[PDB]
């Protein structure tokens, strides 16, 4: 029952406040738009988009920020706090952190040159965080295509289009050397690099991520347009230049019969990709939301109301 007009009466300027906050942050951190999108994904894949990922530790439950997929990965929490503080100033106790993060993600995509649309709203905030669920539900860069599909299906995204379109979020942002060392020097204990990685690109990546080098070194997901949200991610895949294993599998996996055509279509048309991304983003944002009087309107994203 989520609706795009949910705040048109209670907080008509919420999207503008959010956009303004992101634009300002971009002045000093060009990577923030990508970071925010990642946070929304991490939120929705664990108990749905309920801002559970924003909660800090409490003696009763551990924060999802300590999840293998979020620890020393997720960022931008201070930026979310800032925009939440701004919205709270404009319209007190009105906009949930869950919705706030959803709008922020959409605005981030648009600000990076992606499609523009109004996301459905009306989500409310969880009363707890789910670390174990996060460790079990979040997909990993070393996942095979069947595992990626299972991961998505497990949270309610049954369509291959959901996986291929949303994976396009990697059209911008950074990844650590840590997650590709296997593809570069010892893939699946074969003692060789991943055969699905373009050999010329392999040399470049090896130069950025030498054996015994800094594993925390950041590398661009998209070698074509690192900070621009476009369909270049898919063009890379067609050339065997996906950065992480999970990226390239969409095009090269023996189980990719249903994903290859989508990859090609998105690489072939920017419009086709943008439509599917919007479609998939809203589906992901529709995963088990708390609505009505369920949950609360958290005043501080970091802790439950007291």
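Residue numbers count along the first chain shown, from 1.
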item	value
Mean Cα B-factor comparison, 64-72 or 48-56, giving the higher one as deposited	64-72
Greater mean Cα temperature factor according to the PDB record, 265-273 or 33-41	265-273
Top Cα B factor in the deposited entry, candidates 219, 145, 86, 97	86
Deposited CA B-factor, highest of 137, 186, 167, 199	199
Record-listed C-alpha B factor of residue 117: chain third	highest
Chain-wide C-alpha B factor ranking for residue 253, given as lowest, middle or highest third	middle
Record-listed C-alpha B factor of residue 152: chain third	lowest
Cα B factor band for residue 289 (lowest, middle or highest third within the chain)	middle
Ranked C-alpha temperature factor of residue 124 among modelled chain residues, by third	lowest
